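Novice: Coordinates in final_32.cif, mmCIF, N, CA and C atoms, are listed below.
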```
data_run
#
loop_
_atom_site.label_atom_id
_atom_site.label_comp_id
_atom_site.auth_asym_id
_atom_site.auth_seq_id
_atom_site.Cartn_x
_atom_site.Cartn_y
_atom_site.Cartn_z
N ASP R 1 -227.80 83.66 -250.03
CA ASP R 1 -227.79 82.28 -249.48
C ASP R 1 -227.29 82.27 -248.04
N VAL R 2 -226.02 82.63 -247.86
CA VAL R 2 -225.42 82.65 -246.53
C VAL R 2 -224.93 84.05 -246.17
N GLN R 3 -225.52 84.63 -245.13
CA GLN R 3 -225.14 85.96 -244.68
C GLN R 3 -224.65 85.91 -243.23
N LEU R 4 -223.58 86.65 -242.95
CA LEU R 4 -223.02 86.69 -241.61
C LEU R 4 -222.88 88.12 -241.11
N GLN R 5 -222.64 88.28 -239.81
CA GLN R 5 -222.50 89.61 -239.21
C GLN R 5 -221.29 89.64 -238.27
N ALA R 6 -220.48 90.69 -238.39
CA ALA R 6 -219.29 90.83 -237.55
C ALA R 6 -219.33 92.13 -236.75
N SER R 7 -218.69 92.09 -235.58
CA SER R 7 -218.63 93.25 -234.69
C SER R 7 -217.68 93.00 -233.53
N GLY R 8 -217.57 93.98 -232.63
CA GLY R 8 -216.70 93.84 -231.48
C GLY R 8 -215.45 94.69 -231.59
N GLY R 9 -215.41 95.56 -232.59
CA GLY R 9 -214.25 96.42 -232.78
C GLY R 9 -214.05 97.39 -231.63
N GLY R 10 -212.79 97.63 -231.28
CA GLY R 10 -212.49 98.53 -230.19
C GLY R 10 -211.27 99.40 -230.46
N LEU R 11 -210.87 100.17 -229.46
CA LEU R 11 -209.71 101.05 -229.58
C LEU R 11 -208.56 100.56 -228.71
N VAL R 12 -207.48 100.11 -229.35
CA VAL R 12 -206.32 99.61 -228.63
C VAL R 12 -205.08 100.45 -228.90
N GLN R 13 -203.97 100.05 -228.30
CA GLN R 13 -202.70 100.75 -228.48
C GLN R 13 -201.70 99.84 -229.18
N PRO R 14 -200.72 100.42 -229.90
CA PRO R 14 -199.70 99.64 -230.62
C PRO R 14 -199.03 98.60 -229.72
N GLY R 15 -199.59 97.40 -229.69
CA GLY R 15 -199.03 96.34 -228.88
C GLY R 15 -200.01 95.81 -227.84
N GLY R 16 -201.29 96.13 -228.01
CA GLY R 16 -202.30 95.67 -227.08
C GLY R 16 -202.94 94.37 -227.51
N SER R 17 -204.26 94.28 -227.35
CA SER R 17 -205.00 93.07 -227.73
C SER R 17 -206.49 93.36 -227.87
N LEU R 18 -207.07 92.92 -228.98
CA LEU R 18 -208.49 93.13 -229.24
C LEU R 18 -209.17 91.82 -229.62
N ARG R 19 -210.31 91.54 -228.99
CA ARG R 19 -211.06 90.32 -229.27
C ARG R 19 -212.29 90.63 -230.12
N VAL R 20 -212.22 90.29 -231.40
CA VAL R 20 -213.33 90.54 -232.32
C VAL R 20 -214.02 89.22 -232.69
N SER R 21 -215.30 89.29 -233.04
CA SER R 21 -216.05 88.09 -233.39
C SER R 21 -217.04 88.34 -234.53
N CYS R 22 -217.53 87.25 -235.12
CA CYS R 22 -218.49 87.33 -236.21
C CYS R 22 -219.51 86.20 -236.13
N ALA R 23 -220.75 86.55 -235.83
CA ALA R 23 -221.82 85.56 -235.73
C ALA R 23 -222.44 85.26 -237.09
N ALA R 24 -222.18 84.06 -237.60
CA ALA R 24 -222.72 83.65 -238.89
C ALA R 24 -224.06 82.95 -238.71
N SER R 25 -224.76 82.72 -239.82
CA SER R 25 -226.06 82.06 -239.77
C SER R 25 -226.39 81.42 -241.11
N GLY R 26 -226.34 80.09 -241.16
CA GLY R 26 -226.64 79.37 -242.38
C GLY R 26 -225.99 78.01 -242.44
N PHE R 27 -224.88 77.84 -241.72
CA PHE R 27 -224.17 76.56 -241.71
C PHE R 27 -223.42 76.36 -240.39
N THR R 28 -222.52 75.38 -240.37
CA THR R 28 -221.73 75.09 -239.19
C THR R 28 -220.25 75.34 -239.46
N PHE R 29 -219.55 75.84 -238.44
CA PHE R 29 -218.12 76.14 -238.57
C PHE R 29 -217.28 74.88 -238.67
N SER R 30 -217.63 73.87 -237.88
CA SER R 30 -216.89 72.61 -237.89
C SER R 30 -217.28 71.75 -239.09
N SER R 31 -217.65 72.41 -240.18
CA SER R 31 -218.05 71.72 -241.40
C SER R 31 -217.74 72.56 -242.63
N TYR R 32 -217.88 73.88 -242.49
CA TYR R 32 -217.61 74.79 -243.60
C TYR R 32 -216.35 75.61 -243.33
N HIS R 33 -215.72 76.09 -244.40
CA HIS R 33 -214.51 76.89 -244.28
C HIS R 33 -214.86 78.36 -244.10
N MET R 34 -214.19 79.01 -243.15
CA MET R 34 -214.43 80.42 -242.88
C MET R 34 -213.11 81.17 -242.76
N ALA R 35 -213.17 82.50 -242.79
CA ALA R 35 -211.97 83.31 -242.70
C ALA R 35 -212.26 84.72 -242.20
N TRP R 36 -211.20 85.41 -241.79
CA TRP R 36 -211.29 86.78 -241.29
C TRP R 36 -210.58 87.73 -242.24
N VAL R 37 -211.34 88.62 -242.88
CA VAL R 37 -210.79 89.60 -243.81
C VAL R 37 -210.75 90.99 -243.18
N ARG R 38 -210.00 91.90 -243.80
CA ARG R 38 -209.88 93.27 -243.29
C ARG R 38 -209.80 94.28 -244.44
N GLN R 39 -210.26 95.50 -244.18
CA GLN R 39 -210.24 96.55 -245.19
C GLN R 39 -209.92 97.91 -244.57
N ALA R 40 -208.70 98.39 -244.79
CA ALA R 40 -208.28 99.69 -244.28
C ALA R 40 -208.93 100.79 -245.11
N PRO R 41 -208.86 102.07 -244.66
CA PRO R 41 -209.45 103.20 -245.39
C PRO R 41 -209.44 102.99 -246.90
N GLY R 42 -210.53 102.45 -247.42
CA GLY R 42 -210.63 102.17 -248.84
C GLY R 42 -210.21 100.75 -249.16
N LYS R 43 -208.93 100.57 -249.46
CA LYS R 43 -208.37 99.25 -249.77
C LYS R 43 -209.30 98.42 -250.66
N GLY R 44 -209.14 97.10 -250.58
CA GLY R 44 -209.97 96.20 -251.36
C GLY R 44 -210.17 94.87 -250.65
N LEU R 45 -210.16 94.93 -249.32
CA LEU R 45 -210.33 93.75 -248.48
C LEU R 45 -209.15 92.80 -248.63
N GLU R 46 -208.76 92.18 -247.52
CA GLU R 46 -207.65 91.24 -247.51
C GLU R 46 -207.94 90.08 -246.57
N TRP R 47 -207.68 88.87 -247.04
CA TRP R 47 -207.90 87.69 -246.22
C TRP R 47 -206.76 87.56 -245.21
N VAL R 48 -207.07 87.81 -243.94
CA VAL R 48 -206.07 87.74 -242.88
C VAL R 48 -205.83 86.30 -242.43
N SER R 49 -206.90 85.60 -242.05
CA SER R 49 -206.75 84.22 -241.58
C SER R 49 -207.88 83.31 -242.04
N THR R 50 -207.57 82.01 -242.15
CA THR R 50 -208.56 81.01 -242.57
C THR R 50 -208.41 79.74 -241.73
N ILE R 51 -209.53 79.21 -241.27
CA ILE R 51 -209.52 78.00 -240.45
C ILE R 51 -210.19 76.84 -241.17
N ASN R 52 -209.63 75.64 -240.99
CA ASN R 52 -210.18 74.44 -241.62
C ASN R 52 -210.86 73.55 -240.58
N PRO R 53 -212.07 73.05 -240.89
CA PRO R 53 -212.82 72.19 -239.98
C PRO R 53 -212.29 70.76 -239.96
N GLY R 54 -212.20 70.18 -238.77
CA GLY R 54 -211.71 68.82 -238.64
C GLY R 54 -210.32 68.75 -238.04
N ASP R 55 -209.32 68.57 -238.90
CA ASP R 55 -207.94 68.48 -238.46
C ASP R 55 -207.51 69.74 -237.72
N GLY R 56 -207.51 70.87 -238.43
CA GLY R 56 -207.12 72.13 -237.83
C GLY R 56 -206.14 72.91 -238.68
N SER R 57 -205.89 72.43 -239.90
CA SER R 57 -204.97 73.10 -240.81
C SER R 57 -205.32 74.57 -240.94
N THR R 58 -204.43 75.43 -240.46
CA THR R 58 -204.66 76.87 -240.52
C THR R 58 -203.77 77.56 -241.54
N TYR R 59 -204.31 78.59 -242.18
CA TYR R 59 -203.58 79.36 -243.17
C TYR R 59 -203.80 80.85 -242.94
N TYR R 60 -202.74 81.64 -243.11
CA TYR R 60 -202.83 83.08 -242.91
C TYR R 60 -202.28 83.84 -244.11
N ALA R 61 -202.46 85.16 -244.09
CA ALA R 61 -201.99 86.01 -245.18
C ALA R 61 -200.48 86.22 -245.10
N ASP R 62 -199.81 85.36 -244.33
CA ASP R 62 -198.36 85.42 -244.15
C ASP R 62 -197.95 86.56 -243.21
N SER R 63 -198.36 87.78 -243.56
CA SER R 63 -198.03 88.95 -242.75
C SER R 63 -198.95 89.07 -241.54
N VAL R 64 -199.63 87.98 -241.20
CA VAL R 64 -200.54 87.97 -240.06
C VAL R 64 -200.53 86.62 -239.36
N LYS R 65 -199.71 85.69 -239.85
CA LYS R 65 -199.62 84.36 -239.26
C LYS R 65 -199.26 84.46 -237.78
N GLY R 66 -198.33 85.36 -237.47
CA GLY R 66 -197.92 85.56 -236.09
C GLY R 66 -198.44 86.87 -235.54
N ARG R 67 -199.49 87.38 -236.17
CA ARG R 67 -200.10 88.64 -235.75
C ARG R 67 -201.50 88.42 -235.19
N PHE R 68 -202.39 87.91 -236.03
CA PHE R 68 -203.77 87.66 -235.62
C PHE R 68 -204.00 86.17 -235.39
N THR R 69 -205.00 85.85 -234.57
CA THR R 69 -205.34 84.46 -234.28
C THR R 69 -206.78 84.17 -234.66
N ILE R 70 -206.96 83.24 -235.60
CA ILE R 70 -208.28 82.87 -236.07
C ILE R 70 -208.76 81.57 -235.42
N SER R 71 -209.86 81.67 -234.69
CA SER R 71 -210.43 80.52 -233.99
C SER R 71 -211.95 80.60 -234.01
N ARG R 72 -212.60 79.49 -233.69
CA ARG R 72 -214.06 79.43 -233.68
C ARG R 72 -214.56 78.24 -232.86
N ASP R 73 -215.87 78.21 -232.62
CA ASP R 73 -216.48 77.13 -231.85
C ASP R 73 -217.14 76.12 -232.78
N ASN R 74 -217.00 74.84 -232.45
CA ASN R 74 -217.59 73.77 -233.26
C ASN R 74 -219.09 73.64 -232.99
N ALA R 75 -219.61 74.52 -232.14
CA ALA R 75 -221.03 74.50 -231.80
C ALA R 75 -221.46 75.83 -231.17
N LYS R 76 -221.48 76.88 -231.98
CA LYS R 76 -221.88 78.20 -231.50
C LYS R 76 -222.11 79.15 -232.67
N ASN R 77 -221.62 78.77 -233.84
CA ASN R 77 -221.77 79.59 -235.04
C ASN R 77 -221.17 80.97 -234.84
N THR R 78 -219.85 81.03 -234.69
CA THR R 78 -219.16 82.30 -234.49
C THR R 78 -217.67 82.20 -234.84
N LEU R 79 -217.12 83.30 -235.32
CA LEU R 79 -215.70 83.36 -235.70
C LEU R 79 -214.98 84.44 -234.91
N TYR R 80 -214.05 84.03 -234.06
CA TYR R 80 -213.30 84.97 -233.24
C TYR R 80 -211.88 85.15 -233.76
N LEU R 81 -211.28 86.29 -233.42
CA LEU R 81 -209.92 86.60 -233.83
C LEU R 81 -209.22 87.45 -232.77
N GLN R 82 -207.95 87.15 -232.52
CA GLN R 82 -207.18 87.89 -231.53
C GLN R 82 -206.22 88.85 -232.21
N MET R 83 -206.41 90.14 -231.95
CA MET R 83 -205.58 91.18 -232.54
C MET R 83 -204.44 91.57 -231.60
N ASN R 84 -203.30 90.92 -231.77
CA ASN R 84 -202.13 91.20 -230.94
C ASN R 84 -200.98 91.74 -231.79
N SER R 85 -200.00 92.36 -231.13
CA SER R 85 -198.85 92.92 -231.83
C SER R 85 -199.29 93.91 -232.90
N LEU R 86 -200.09 94.89 -232.50
CA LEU R 86 -200.58 95.90 -233.43
C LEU R 86 -199.45 96.77 -233.96
N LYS R 87 -199.69 97.44 -235.08
CA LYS R 87 -198.69 98.30 -235.70
C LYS R 87 -199.34 99.27 -236.69
N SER R 88 -200.45 99.88 -236.27
CA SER R 88 -201.18 100.82 -237.11
C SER R 88 -201.69 100.13 -238.37
N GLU R 89 -201.58 98.80 -238.41
CA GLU R 89 -202.03 98.02 -239.55
C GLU R 89 -203.40 97.42 -239.26
N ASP R 90 -203.58 96.92 -238.04
CA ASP R 90 -204.84 96.32 -237.62
C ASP R 90 -205.98 97.33 -237.76
N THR R 91 -205.64 98.61 -237.74
CA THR R 91 -206.63 99.68 -237.85
C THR R 91 -207.38 99.59 -239.18
N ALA R 92 -208.54 98.95 -239.15
CA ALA R 92 -209.37 98.79 -240.34
C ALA R 92 -210.70 98.13 -239.98
N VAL R 93 -211.40 97.63 -241.00
CA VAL R 93 -212.68 96.96 -240.79
C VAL R 93 -212.55 95.48 -241.12
N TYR R 94 -212.93 94.63 -240.18
CA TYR R 94 -212.83 93.19 -240.37
C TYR R 94 -214.20 92.54 -240.59
N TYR R 95 -214.20 91.50 -241.41
CA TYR R 95 -215.42 90.75 -241.71
C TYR R 95 -215.12 89.26 -241.74
N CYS R 96 -216.17 88.45 -241.69
CA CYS R 96 -216.01 87.00 -241.74
C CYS R 96 -216.77 86.45 -242.94
N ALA R 97 -216.17 85.50 -243.63
CA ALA R 97 -216.79 84.91 -244.81
C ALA R 97 -216.36 83.47 -245.03
N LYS R 98 -217.10 82.77 -245.88
CA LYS R 98 -216.80 81.38 -246.19
C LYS R 98 -215.82 81.27 -247.36
N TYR R 99 -214.95 80.26 -247.30
CA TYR R 99 -213.95 80.04 -248.34
C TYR R 99 -214.52 79.17 -249.46
N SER R 100 -214.36 79.62 -250.70
CA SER R 100 -214.85 78.88 -251.86
C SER R 100 -213.89 79.01 -253.04
N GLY R 101 -212.64 78.61 -252.83
CA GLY R 101 -211.64 78.69 -253.88
C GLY R 101 -210.31 79.20 -253.37
N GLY R 102 -210.16 80.52 -253.33
CA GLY R 102 -208.92 81.11 -252.86
C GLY R 102 -209.08 82.56 -252.43
N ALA R 103 -210.33 83.02 -252.38
CA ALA R 103 -210.62 84.39 -251.98
C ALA R 103 -211.90 84.46 -251.16
N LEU R 104 -212.03 85.51 -250.35
CA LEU R 104 -213.21 85.68 -249.51
C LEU R 104 -214.21 86.63 -250.16
N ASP R 105 -215.49 86.40 -249.88
CA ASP R 105 -216.56 87.23 -250.43
C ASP R 105 -216.98 88.30 -249.43
N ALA R 106 -216.88 87.96 -248.14
CA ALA R 106 -217.24 88.87 -247.06
C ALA R 106 -218.72 89.23 -247.09
N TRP R 107 -219.46 88.76 -246.08
CA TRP R 107 -220.88 89.05 -245.98
C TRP R 107 -221.21 89.64 -244.62
N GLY R 108 -220.17 89.87 -243.83
CA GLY R 108 -220.35 90.43 -242.50
C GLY R 108 -220.80 91.88 -242.53
N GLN R 109 -221.09 92.43 -241.35
CA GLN R 109 -221.53 93.81 -241.25
C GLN R 109 -220.36 94.77 -241.38
N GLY R 110 -219.35 94.59 -240.54
CA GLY R 110 -218.18 95.45 -240.59
C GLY R 110 -217.79 95.98 -239.22
N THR R 111 -216.82 95.32 -238.59
CA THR R 111 -216.35 95.74 -237.28
C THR R 111 -215.27 96.81 -237.41
N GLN R 112 -215.51 97.97 -236.81
CA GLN R 112 -214.57 99.08 -236.86
C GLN R 112 -213.49 98.95 -235.79
N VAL R 113 -212.31 98.52 -236.21
CA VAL R 113 -211.17 98.36 -235.31
C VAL R 113 -210.13 99.43 -235.57
N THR R 114 -209.71 100.13 -234.51
CA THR R 114 -208.72 101.19 -234.65
C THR R 114 -207.65 101.13 -233.56
N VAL R 115 -206.45 101.60 -233.90
CA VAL R 115 -205.33 101.61 -232.97
C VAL R 115 -204.76 103.02 -232.83
N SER R 116 -204.62 103.48 -231.59
CA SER R 116 -204.09 104.81 -231.33
C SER R 116 -203.21 104.81 -230.08
N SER R 117 -202.73 105.98 -229.70
CA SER R 117 -201.87 106.12 -228.52
C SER R 117 -202.38 107.22 -227.61
N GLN R 118 -202.25 107.01 -226.30
CA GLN R 118 -202.69 107.98 -225.31
C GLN R 118 -204.17 108.32 -225.49
N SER R 119 -205.01 107.29 -225.46
CA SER R 119 -206.45 107.47 -225.63
C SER R 119 -207.21 106.77 -224.51
N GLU R 120 -206.82 107.04 -223.27
CA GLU R 120 -207.46 106.43 -222.11
C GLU R 120 -208.56 107.34 -221.56
N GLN R 121 -208.88 108.39 -222.31
CA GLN R 121 -209.91 109.34 -221.90
C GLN R 121 -211.29 108.68 -221.91
N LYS R 122 -212.17 109.18 -221.05
CA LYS R 122 -213.53 108.64 -220.96
C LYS R 122 -214.48 109.66 -220.35
N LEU R 123 -213.92 110.72 -219.77
CA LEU R 123 -214.71 111.78 -219.15
C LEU R 123 -215.51 111.25 -217.97
N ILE R 124 -215.14 111.68 -216.76
CA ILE R 124 -215.82 111.25 -215.55
C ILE R 124 -216.17 112.44 -214.66
N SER R 125 -215.15 113.19 -214.26
CA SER R 125 -215.34 114.37 -213.41
C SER R 125 -216.14 114.01 -212.15
N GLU R 126 -215.81 112.87 -211.55
CA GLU R 126 -216.50 112.42 -210.34
C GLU R 126 -215.71 111.30 -209.66
N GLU R 127 -214.44 111.17 -210.02
CA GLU R 127 -213.57 110.15 -209.45
C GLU R 127 -214.10 108.75 -209.74
N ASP R 128 -213.40 108.03 -210.61
CA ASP R 128 -213.80 106.67 -210.98
C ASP R 128 -213.61 105.70 -209.81
N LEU R 129 -212.64 106.00 -208.95
CA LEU R 129 -212.36 105.15 -207.80
C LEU R 129 -212.05 103.72 -208.24
N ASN R 130 -212.42 102.75 -207.42
CA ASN R 130 -212.19 101.35 -207.74
C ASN R 130 -213.22 100.45 -207.07
N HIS R 131 -213.26 100.50 -205.74
CA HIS R 131 -214.20 99.68 -204.97
C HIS R 131 -214.34 100.21 -203.55
N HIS R 132 -214.15 101.51 -203.38
CA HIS R 132 -214.26 102.14 -202.07
C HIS R 132 -215.70 102.56 -201.78
N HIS R 133 -216.61 102.13 -202.64
CA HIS R 133 -218.03 102.45 -202.48
C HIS R 133 -218.90 101.50 -203.30
N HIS R 134 -219.96 100.99 -202.67
CA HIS R 134 -220.87 100.07 -203.33
C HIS R 134 -222.32 100.48 -203.10
N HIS R 135 -222.53 101.76 -202.81
CA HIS R 135 -223.86 102.29 -202.57
C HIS R 135 -224.57 101.50 -201.46
#
```
Written as C-alpha cells, how would this file's structure read?
Specialist:
Amino acid sequence: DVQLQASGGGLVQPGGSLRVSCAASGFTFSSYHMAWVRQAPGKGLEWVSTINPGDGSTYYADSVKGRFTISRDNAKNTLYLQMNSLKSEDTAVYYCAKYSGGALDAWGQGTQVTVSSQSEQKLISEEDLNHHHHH
C-alpha cells in the first residue's frame, strides 16, 4: 500500500552531525504519522523518533529525545533527522515508516549511517588546496 525510501547516511565522528532523510510516496506528512527507526548490526529495529501532524506533539525513544531530531515538510513528502551527540550508537541503519498503534513497520530502503574516529582520508595526491586555482 504505502512504500517509502530512506538514504543520506554518512560517516561522522563521536560528537558530529549527520543529516539523513526519507522520501515517502503515498500520503502527506502533515496528515499522517511518521517516524524514524534504526537497526544496528542485526538488532530488531527501534523507533527513535515520531512526529505528529498539526499541533507538533513529538515523541522519542527516550534515549534519543535529546539525541536525534525528527522533522519534516508539510509539503514535500520527506522525513529528515539530525544525528547529533553521537556515541557509537547512531552507527546503524535508519528507516522511515508510518505509525499505526505503537510500533513502526519500516518500509524504507535503508540508510547506512556509521560513526568512527580519525577518518578524514579521501586520497588525493595532488594537493586539495582551497581556492588558489579556478582553471
Novice: List the spatial neighbours of range 93-109 of chain R as a list in words - criterion: any atom at most 7 Å away, all atoms listed in the file, same-chain residues fewer than 5 positions off excluded.
Specialist: residues 2, 3, 4, 5, 6, 7, 22, 32, 33, 34, 35, 36, 37, 38, 39, 40, 41 and 47 of chain R
Novice: Grab the residues selected above and save them as a short mmCIF file (atom, residue, chain, number, x, y, z; two decimals), in the frame of the given file with N, CA and C atoms.
Specialist:
```cif
data_model
loop_
_atom_site.label_atom_id
_atom_site.label_comp_id
_atom_site.auth_asym_id
_atom_site.auth_seq_id
_atom_site.Cartn_x
_atom_site.Cartn_y
_atom_site.Cartn_z
N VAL R 2 -226.02 82.63 -247.86
CA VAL R 2 -225.42 82.65 -246.53
C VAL R 2 -224.93 84.05 -246.17
N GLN R 3 -225.52 84.63 -245.13
CA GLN R 3 -225.14 85.96 -244.68
C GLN R 3 -224.65 85.91 -243.23
N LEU R 4 -223.58 86.65 -242.95
CA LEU R 4 -223.02 86.69 -241.61
C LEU R 4 -222.88 88.12 -241.11
N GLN R 5 -222.64 88.28 -239.81
CA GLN R 5 -222.50 89.61 -239.21
C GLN R 5 -221.29 89.64 -238.27
N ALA R 6 -220.48 90.69 -238.39
CA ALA R 6 -219.29 90.83 -237.55
C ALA R 6 -219.33 92.13 -236.75
N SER R 7 -218.69 92.09 -235.58
CA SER R 7 -218.63 93.25 -234.69
C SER R 7 -217.68 93.00 -233.53
N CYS R 22 -217.53 87.25 -235.12
CA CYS R 22 -218.49 87.33 -236.21
C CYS R 22 -219.51 86.20 -236.13
N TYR R 32 -217.88 73.88 -242.49
CA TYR R 32 -217.61 74.79 -243.60
C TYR R 32 -216.35 75.61 -243.33
N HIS R 33 -215.72 76.09 -244.40
CA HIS R 33 -214.51 76.89 -244.28
C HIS R 33 -214.86 78.36 -244.10
N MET R 34 -214.19 79.01 -243.15
CA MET R 34 -214.43 80.42 -242.88
C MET R 34 -213.11 81.17 -242.76
N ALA R 35 -213.17 82.50 -242.79
CA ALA R 35 -211.97 83.31 -242.70
C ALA R 35 -212.26 84.72 -242.20
N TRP R 36 -211.20 85.41 -241.79
CA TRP R 36 -211.29 86.78 -241.29
C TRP R 36 -210.58 87.73 -242.24
N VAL R 37 -211.34 88.62 -242.88
CA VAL R 37 -210.79 89.60 -243.81
C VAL R 37 -210.75 90.99 -243.18
N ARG R 38 -210.00 91.90 -243.80
CA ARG R 38 -209.88 93.27 -243.29
C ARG R 38 -209.80 94.28 -244.44
N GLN R 39 -210.26 95.50 -244.18
CA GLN R 39 -210.24 96.55 -245.19
C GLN R 39 -209.92 97.91 -244.57
N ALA R 40 -208.70 98.39 -244.79
CA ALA R 40 -208.28 99.69 -244.28
C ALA R 40 -208.93 100.79 -245.11
N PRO R 41 -208.86 102.07 -244.66
CA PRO R 41 -209.45 103.20 -245.39
C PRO R 41 -209.44 102.99 -246.90
N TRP R 47 -207.68 88.87 -247.04
CA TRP R 47 -207.90 87.69 -246.22
C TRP R 47 -206.76 87.56 -245.21
#
```
Novice: For residue 71 in chain R, find every residue with an atom within 8 Å (counting only N, CA and C atoms), except residues of its own chain fewer than 5 positions away, and show them as JSON, numbers by chain.
Specialist: {"R": [49, 50, 51, 78, 79, 80, 81, 82]}
Novice: I need the residues from that last selection saved to file as a tab-separated table (two decimals), in the coordinates of the input (with N, CA and C atoms), if you can.
Specialist:
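This went into out38.tsv:
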```
chain	number	residue	atom	x	y	z
R	49	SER	N	-206.90	85.60	-242.05
R	49	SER	CA	-206.75	84.22	-241.58
R	49	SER	C	-207.88	83.31	-242.04
R	50	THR	N	-207.57	82.01	-242.15
R	50	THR	CA	-208.56	81.01	-242.57
R	50	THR	C	-208.41	79.74	-241.73
R	51	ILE	N	-209.53	79.21	-241.27
R	51	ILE	CA	-209.52	78.00	-240.45
R	51	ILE	C	-210.19	76.84	-241.17
R	78	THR	N	-219.85	81.03	-234.69
R	78	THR	CA	-219.16	82.30	-234.49
R	78	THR	C	-217.67	82.20	-234.84
R	79	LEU	N	-217.12	83.30	-235.32
R	79	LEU	CA	-215.70	83.36	-235.70
R	79	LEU	C	-214.98	84.44	-234.91
R	80	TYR	N	-214.05	84.03	-234.06
R	80	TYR	CA	-213.30	84.97	-233.24
R	80	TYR	C	-211.88	85.15	-233.76
R	81	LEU	N	-211.28	86.29	-233.42
R	81	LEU	CA	-209.92	86.60	-233.83
R	81	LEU	C	-209.22	87.45	-232.77
R	82	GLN	N	-207.95	87.15	-232.52
R	82	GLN	CA	-207.18	87.89	-231.53
R	82	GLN	C	-206.22	88.85	-232.21
```
Novice: Just to confirm, what's the straight-line distance from atom N of residue 119 in chain R to atom N of residue 18 in chain R in Å (one decimal)?
Specialist: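 We find that atom N of residue 119 in chain R and atom N of residue 18 in chain R lie 14.9 Å from each other.
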Novice: Quick one, how far is CA of residue 42 in chain R from CA of residue 117 in chain R?
Specialist: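 These two atoms are separated by 22.5 Å.
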Novice: Between CA of residue 90 in chain R and CA of residue 16 in chain R, what is the spacing in Å?
Specialist: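 So the answer is 10.9 Å.
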Novice: Looking at only N, CA and C atoms, which of R:76, R:125, R:134, R:116 is the one that sits closest to residue 91 in chain R?
Specialist: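 Using only N, CA and C atoms, residue 91 in chain R sits closest to R:116.
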Novice: Identify, with DSSP run on backbone atoms, the residues in chain R assigned to strand (DSSP E or B), and express the list as JSON, numbers by chain.
Specialist: {"R": [3, 4, 5, 6, 7, 11, 12, 17, 18, 19, 20, 21, 22, 23, 24, 25, 34, 35, 36, 37, 38, 39, 46, 47, 48, 49, 50, 51, 58, 59, 60, 68, 69, 70, 71, 72, 79, 80, 81, 82, 83, 84, 92, 93, 94, 95, 96, 97, 98, 99, 104, 111, 112, 113, 114, 115]}
Novice: Out of R:83, R:92, R:45, R:129, which residue has the shortest atom-to-atom distance to residue 112 in chain R when counting only C-alpha atoms?
Specialist: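 Among R:83, R:92, R:45, R:129, it is R:92 that comes nearest to residue 112 in chain R.
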Novice: If the PyMOL selection byres (((chain R and resi 54-56 and name CA) around 10) and name CA) were run on this exact file, what residues would it hold? Put them as a PDB file with N, CA and C atoms, in the coordinates of the input.
Specialist:
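Final output, saved to selection22.pdb:
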```pdb
ATOM      1  N   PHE R  29    -219.550  75.840-238.440  1.00  0.00           N
ATOM      2  CA  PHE R  29    -218.120  76.140-238.570  1.00  0.00           C
ATOM      3  C   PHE R  29    -217.280  74.880-238.670  1.00  0.00           C
ATOM      4  N   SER R  30    -217.630  73.870-237.880  1.00  0.00           N
ATOM      5  CA  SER R  30    -216.890  72.610-237.890  1.00  0.00           C
ATOM      6  C   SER R  30    -217.280  71.750-239.090  1.00  0.00           C
ATOM      7  N   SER R  31    -217.650  72.410-240.180  1.00  0.00           N
ATOM      8  CA  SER R  31    -218.050  71.720-241.400  1.00  0.00           C
ATOM      9  C   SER R  31    -217.740  72.560-242.630  1.00  0.00           C
ATOM     10  N   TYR R  32    -217.880  73.880-242.490  1.00  0.00           N
ATOM     11  CA  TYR R  32    -217.610  74.790-243.600  1.00  0.00           C
ATOM     12  C   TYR R  32    -216.350  75.610-243.330  1.00  0.00           C
ATOM     13  N   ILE R  51    -209.530  79.210-241.270  1.00  0.00           N
ATOM     14  CA  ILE R  51    -209.520  78.000-240.450  1.00  0.00           C
ATOM     15  C   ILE R  51    -210.190  76.840-241.170  1.00  0.00           C
ATOM     16  N   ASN R  52    -209.630  75.640-240.990  1.00  0.00           N
ATOM     17  CA  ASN R  52    -210.180  74.440-241.620  1.00  0.00           C
ATOM     18  C   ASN R  52    -210.860  73.550-240.580  1.00  0.00           C
ATOM     19  N   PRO R  53    -212.070  73.050-240.890  1.00  0.00           N
ATOM     20  CA  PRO R  53    -212.820  72.190-239.980  1.00  0.00           C
ATOM     21  C   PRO R  53    -212.290  70.760-239.960  1.00  0.00           C
ATOM     22  N   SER R  57    -205.890  72.430-239.900  1.00  0.00           N
ATOM     23  CA  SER R  57    -204.970  73.100-240.810  1.00  0.00           C
ATOM     24  C   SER R  57    -205.320  74.570-240.940  1.00  0.00           C
ATOM     25  N   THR R  58    -204.430  75.430-240.460  1.00  0.00           N
ATOM     26  CA  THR R  58    -204.660  76.870-240.520  1.00  0.00           C
ATOM     27  C   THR R  58    -203.770  77.560-241.540  1.00  0.00           C
ATOM     28  N   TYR R  59    -204.310  78.590-242.180  1.00  0.00           N
ATOM     29  CA  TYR R  59    -203.580  79.360-243.170  1.00  0.00           C
ATOM     30  C   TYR R  59    -203.800  80.850-242.940  1.00  0.00           C
ATOM     31  N   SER R  71    -209.860  81.670-234.690  1.00  0.00           N
ATOM     32  CA  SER R  71    -210.430  80.520-233.990  1.00  0.00           C
ATOM     33  C   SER R  71    -211.950  80.600-234.010  1.00  0.00           C
ATOM     34  N   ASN R  74    -217.000  74.840-232.450  1.00  0.00           N
ATOM     35  CA  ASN R  74    -217.590  73.770-233.260  1.00  0.00           C
ATOM     36  C   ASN R  74    -219.090  73.640-232.990  1.00  0.00           C
TER      37      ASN R  74
END
```
Novice: On this structure, which residues satisfy the PyMOL selection byres ((chain R and resi 10) around 6.5), written as a PyMOL selection string?
Specialist: chain R and resi 8-9+11-12+112-115
